[PDB]
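Peer 1: Sequence unavailable; structure follows:
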């Protein structure tokens, strides 16, 4: 496993995540450890003016579901998120 390198510590009830799009567009969102895909997808899709379902979010190369638990998403302070090119965006 990769070295922990110490988390940011910048959290409380929610954690930080850097969403990186295929457009090379990184955006910093605050979400919970157990946050559902809708929270981010709705949020990102909204800021970009794109259909929510047209946005596809993947964590570490696996798709983020609203059913996924914080255990399995293992997200933490300022973690990274991968986004694939939206359907409507092209």
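Peer 2: Noted; the coordinates are in hand. Numbers count the residues shown, from 1 in each chain.

Peer 1: going forward, measure contacts between C-alpha atoms and count neighbours the same way
Peer 2: OK.

Peer 1: helix or strand right after the strand or helix carrying residue 43?
Peer 2: Residue 43 is located in helix 37-48, with elements delineated by DSSP states H and E. Going down the chain from helix 37-48, the next helix or strand is strand 56-59, by DSSP H and E.

Peer 1: Describe which strands that following strand pairs with in its sheet and in which direction.
Peer 2: If you go by DSSP bridges, strand 56-59 pairs up with strand 62-63 (antiparallel), strand 79-84 (antiparallel).

Peer 1: can you list contacts of the first one?
Peer 2: Under the contact criterion Cα atoms under 8 Å, 6 or more residues apart in numbering, strand 62-63 has outside partners 56-57.

Peer 1: ok, for residue 75, nearest residue in space, not its chain neighbours?
Peer 2: Spatial nearest neighbour of residue 75, chain neighbours left out: residue 33 (5.9 Å); criterion: Cα to Cα, 6 or more residues apart in numbering.

Peer 1: how close does the one you found sit to residue 89?
Peer 2: Computed with Cα to Cα, to the nearest Å, the distance linking residue 33 and residue 89 is 28 Å.

Peer 1: Neighbour count for those two, which is higher?
Peer 2: residue 33 (20 against 12; other Cα atoms under 10 Å).

Peer 1: For residue 41, find the nearest of the strands paired with strand 56-59.
Peer 2: Between residue 41 and the strands paired with strand 56-59, the tightest spacing by Cα to Cα is seen for strand 79-84, at 9.6 Å.

Peer 1: picking that back up, looking at the strands paired with strand 56-59, which is nearest to residue 17?
Peer 2: Of all the strands paired with strand 56-59, the one in closest proximity to residue 17, counting by Cα to Cα, is strand 79-84 (4.7 Å).

Peer 1: Of all the residues in the closest one, which ones are buried?
Peer 2: By neighbour count, with 16 or more other Cα atoms under 10 Å as the criterion, the buried positions of strand 79-84 are 79-83.
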